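Residues per chain, in single letters:
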Amino acid sequence: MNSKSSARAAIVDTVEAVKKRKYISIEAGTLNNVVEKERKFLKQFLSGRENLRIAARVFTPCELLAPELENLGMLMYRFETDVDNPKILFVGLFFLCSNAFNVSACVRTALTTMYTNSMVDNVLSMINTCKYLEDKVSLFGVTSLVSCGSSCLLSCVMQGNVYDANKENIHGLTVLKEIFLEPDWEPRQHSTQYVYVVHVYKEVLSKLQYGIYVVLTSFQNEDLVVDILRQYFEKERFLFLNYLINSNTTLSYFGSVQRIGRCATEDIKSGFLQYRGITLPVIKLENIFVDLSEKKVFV
Amino acid sequence: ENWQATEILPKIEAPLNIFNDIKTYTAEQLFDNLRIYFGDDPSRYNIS
Amino acid sequence: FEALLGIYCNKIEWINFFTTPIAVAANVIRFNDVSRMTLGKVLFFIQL
Amino acid sequence: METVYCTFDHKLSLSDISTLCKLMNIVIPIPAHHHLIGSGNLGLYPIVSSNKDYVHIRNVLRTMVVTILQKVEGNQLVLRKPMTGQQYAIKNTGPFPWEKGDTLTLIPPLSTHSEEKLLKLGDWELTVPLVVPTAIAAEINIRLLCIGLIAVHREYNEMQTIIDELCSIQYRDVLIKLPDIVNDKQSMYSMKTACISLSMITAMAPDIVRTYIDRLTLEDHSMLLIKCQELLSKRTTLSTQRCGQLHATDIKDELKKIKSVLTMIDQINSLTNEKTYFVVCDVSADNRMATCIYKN
Amino acid sequence: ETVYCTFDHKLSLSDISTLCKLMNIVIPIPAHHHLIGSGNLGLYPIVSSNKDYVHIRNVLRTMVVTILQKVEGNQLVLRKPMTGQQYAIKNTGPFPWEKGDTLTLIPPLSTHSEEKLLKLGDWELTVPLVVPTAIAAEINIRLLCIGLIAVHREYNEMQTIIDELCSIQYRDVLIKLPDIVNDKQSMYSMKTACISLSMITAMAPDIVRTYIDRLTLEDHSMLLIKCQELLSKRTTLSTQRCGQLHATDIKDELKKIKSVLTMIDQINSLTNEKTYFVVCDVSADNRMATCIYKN
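Parameters and conventions
- Residues numbered from 1 in each chain as written, not as in the entry; some residues may be left out.
- Chains lettered and ligands numbered in written order.
- Part of a larger assembly, values for the part shown.
- Heavy atoms only, no water.
- Helix = DSSP H or I, 4+ residues; strand = E, 2+ residues; numbered from the N terminus.
- Buried < 20%, exposed > 50% of the residue type's maximum accessible area, 1.4 Å probe, protein only.
- Contact = heavy atoms within 4.5 Å.
- Areas by Shrake-Rupley, 256 points an atom, 1.4 Å probe, with all protein chains shown as cover.
- Buried area = accessible area lost by both parts, 1.4 Å probe.
- Salt bridge = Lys/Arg side-chain N within 4 Å of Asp/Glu carboxyl O.
- Polar contact = N/O pair within 3.5 Å; in protein donor to acceptor, adjacent residues only side chain to side chain.
- Nonpolar A, V, L, I, M, F, W, Y, C, P; charged D, E, K, R; others polar.
- Pairing = 2+ DSSP bridges.
- Axes fitted to C-alpha atoms, helices over the stretch in contact; angles between N-to-C directions.
- Disulfide = S-S within 2.5 Å.

A word on the overall build of chain A. Counting its regular elements, chain A contains seven helices and 13 strands. When burial is assessed residue by residue, chain A has 44% of its 299 residues classed as buried. Here the contacts in chain A between residues at least 6 apart in sequence split such that 71% fall between residues at least 24 apart. Total accessible area on chain A stands at roughly 15700 Å², and carbon and sulfur atoms take up 52% of it.

This part takes up the interface of chain E and chain D. Chain E puts 73 residues into the contact, and the matching count from chain D is 66 residues. The contact between chain E and chain D buries some 7300 Å² in all, and 70% of this surface belongs to carbon and sulfur atoms. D252 of chain E is the partner of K234 of chain D in a salt bridge, and the nearest nitrogen-oxygen pair spans 3.2 Å. Taken together, chain E and chain D are joined by 13 residue pairs in polar contact. Among the secondary structure elements, those contributing two or more residues to the side of chain E that touches chain D are α3 (133-149), α4 (158-166), α5 (191-213), α6 (221-234), α7 (251-266) and α8 (268-271) of chain E. Looking at the side of chain E that touches chain D element by element, the count peaks at 17 residues for α5 of chain E. In terms of residue class, the side of chain E that touches chain D is made up of 37 nonpolar, 16 polar and 20 charged.

This part covers unusual backbone geometry. Positive phi is not limited to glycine here, since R172 of chain D has a value of about 60°. Within the secondary structure layout, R172 of chain D lies in the loop between β9 (169-170) and β10 (175-176). Of the residues examined, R172 of chain D reaches a relative accessible area of 32% and is grouped as partly exposed. A positive phi is found at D122 of chain E, a non-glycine position, where the angle reads about 70°. Taking relative accessible area as the criterion, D122 of chain E reaches 63% and is therefore assigned exposed.

Structurally, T104 of chain E is set in strand β7 (residues 102-106). Discounting chain neighbours no more than four positions away, the residues touching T104 of chain E are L129, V130, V131, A136, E273, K274 and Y276 of chain E.

Looking now at the sheet that holds strand β13 (residues 277-282) of chain E. All names here are of chain E. Taken together, five strands build an open sheet; the order of strands is β6-β14-β13-β7-β10 and the sheet is antiparallel. Looking at strand neighbours, the two that pair on one side only are β6 (86-90) and β10 (129-132), the edges of this open sheet. Ignoring strand direction, the axes of neighbouring strands in this sheet form an average angle of 45°. As paired strands, β13 and strand β14 (residues 288-293) are joined by five bridges and run antiparallel to one another. Residue pairing across strands places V279 opposite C291, the latter belonging to β14. Here α3 sits on the sheet in contact with β7 and β10, set at roughly 105° to β10.

With that settled, the discussion passes to the environment of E115 of chain E. Assignment of secondary structure puts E115 of chain E in the loop between β7 and β8 (119-120). Classification of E115 of chain E by relative accessible area gives exposed; the value is 66%.

Here we come to the sheet that holds strand β3 (residues 35-37) of chain E. All names here are of chain E. One open sheet holds the five strands; their spatial order is β2-β4-β5-β1-β3, and the pairing between them is mixed. A strand with exactly one partner marks an edge of an open sheet, and here the two such strands are β2 (26-29) and β3. The mean angle between the axes of side-by-side strands here comes to 40°, regardless of whether they run parallel or antiparallel.

What follows concerns the state of the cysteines. On inspection of all chains with the given rule, the structure shows zero disulfides over all chains. Unpaired in terms of disulfides, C243 of chain D finds its nearest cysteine sulfur in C242 of chain E, a separation of 18 Å. Judged by relative accessible area, which is 73%, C243 of chain D ranks as exposed.

Attention now moves to the interface of chain A and chain D. Residue-level contacts link 25 residues of chain A with 22 residues of chain D. Approximately 2000 Å² of surface area, both sides summed, lies buried where chain A meets chain D, with 56% of it carried by carbon and sulfur atoms. Its largest share of buried area at the contact with chain D, chain A owes to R230, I245 and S252 of chain A, together 24% of the area lost on that side. There are zero salt bridges connecting chain A and chain D. Inspection of the chain A/chain D interface yields four residue pairs in polar contact. Listing elements by their share of the side of chain A that touches chain D, those giving two or more residues are α6 (222-232), α7 (234-246) and β13 (296-298) of chain A. Among the residues making up the side of chain A that touches chain D, the classes are represented as nine nonpolar, ten polar and six charged.

Geometric values such as these leave the question of function open.
Quick look at the structure:
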């Protein structure tokens, strides 16, 4: 039909290109001194030039990951600790959105009831006794493969789409509905949006309270995004101007923005999570190419 | 004009004694119509 | 029990160009360098 | 697909298609992000009829999506969307020497333009933004912010006396100038945060630094130090001398204050610092085409 | 794309063993150029022959990072990193790598006890230190503090305050910053940086006060009185030589703002520290770590 034949030719070309990236031709002469299992393995001879996603295996005590052992795809945070044992300790996004100040009291106490044990209480006391937040805890990546052992194993994706293996049921970032906002002239402007995470502090006369925002925007340029964010955040910025000079705690800014990665506009869908019956409204990004940039601070 | 005609159409070989000092001639602009490209240029495949 | 009966699907009906009666207005010709054509034109020479 | 096809709506001429054969390998921005483009969204002319403000063109040019010209067949026009960190060949349009190794930004075209030679076809032009080094990009942005700070000072003929001295700059044996800045309100917000951060540098500047001026003047002597003394002697709206500079056990407070001062300087730098779009490796001897390894 | 480096002199067997110890390391390279001599390899052609710490931070930002891959009989295979892909780095610096850390390149500290990993006939090999970003900020601030207080005299606590500056600690690994008493071994002298910082902190109040006179009476509300407070709190007693002042030969104010914005893009090198590597996993015993490359 002078159309479908060229179509099938392009299909076979992409299939054979995947096979070229996956398997390697062997030029070892193969003298025939082998058993059939080693035969078929030396004929196939995989390599891992196929997945193209960057993961990290992770050990974390199972007390902290209370609903996040059930719903794959969550932001994870590294919390270095002055104890020499678990020098690093890994923190849920919702676990730190507990004492974020953006979250209303109902959602805060609901996920606190999802987050009440002794280990969590001690870790939250550690986080509060830390002076600032953003460089004693840190952004780490996206959850996939909860194991739930004794000390549970987590895979975590640094770059690429979020999937364990076999490229099935490619998970998505799950953001709490309260903690995000899209400062833009028009929400969902033309096409795929970059997702950023903003840490913003606040000072209610005693101490510092941190706040966790997620912005979704068509702007790629970090200068444009911090220019729209000062426009959004100018009030508490002036309050901080009052605060940072009388303060003696070693911090130097109002907040910091960092890129998570790409999303898709038609792949934003609403929903809720539930753990022990606690319905909690979330906005689920579906397919994400995780692209971490540097932290960019703004005062 | 006609530069892709030069670079595509079949040509007539010439004496190497004639093609001698081309570099300095092209540099000091002895000719009036010249087009020189340093890299391998795909400007001769976009036929319109 | 909880039976599921037969599973049904649609037939996408198929559209040839020349079956539709817009092709009586049309006149369709393949020309493998129409991507490379800049401008086709026709000339009419009228006398009064 | 990684290929955007432009198709012009208006017809063209053979001199025009020869000009487009000359203009190959130039970065052209598109807003559309579709697999097809047309002549309406190609280039920067669909925005440079709205108020012609250089800051406005610069902001929306930051918003634009850049592509590279390739393979002009017929009326069609391929634009490759160039991938991150890969190598691409760029023909240059900025009147500059283009020394290798430096970073590049993408700047609005300077409005000294004479003869839309590349194109002008049926109430449509091909407004191509220039590519420049980041140093002169920051230089232009310093000029913009400074004209904000001076056009604040409402005058008659002093505006002209400042602008005709300021605007013509020379970087690497090339004179450029940018005319007709009506100094809209959008520059005022961009400059307000500079004013704020300079106020915080004032407030959080430690006792070591303003003392370090006078200590360096008393200990050593050099030409930079002479010009800095000329600045400090010429300006006299400040004098708030703090008498005691002993710094007994002040070390962690000094570290905290200097960290804050550095962060304010980083903020004001992030005001005028434009995003590096290209990194040059190999340059032709003409300085007409050069290779880069980058995308933002 | 890879790069072959051919050495200039002969090599000892102990030198070949040093290369086999250091078969994975970052090396900066000036020219994106395929065949490079060892006279142009490394950072010692730039440090200890040129300007000190400001030019060094700028050039270390602008050079081509490139990691060692494999050593042949006498040649070095150097692979340059592609963005968005992983690479692998061996642990030269003292500070322990951990997972999920951002990494950057600082210029090396002035250590003559470092054993100058190769010292091949008046040429030596110097590497930048791969270091976490929080340390890079802390080292930058400690270095600037040493360079600021080293010029001051007649402090009777000067030795102990320089020692309390030089001693930094991070995850139980101590180091002493070698910018002690001004030994001048490699002070890096940071004089342009310190002059630029202090011109910012001196010229800023005058420029902001001039701006504070005009374009504020109704709409510059959040700006004016907030700047009155920032200026007022610290500089509570300003304008002591005034009364023959508060003028502007508007070209003069023009020169003020132009110079004070010049100094900021001069101190652009101390502005940011980009994340050259994001380490994902770390091998056992902290010998090397597999990272990903960015910027």
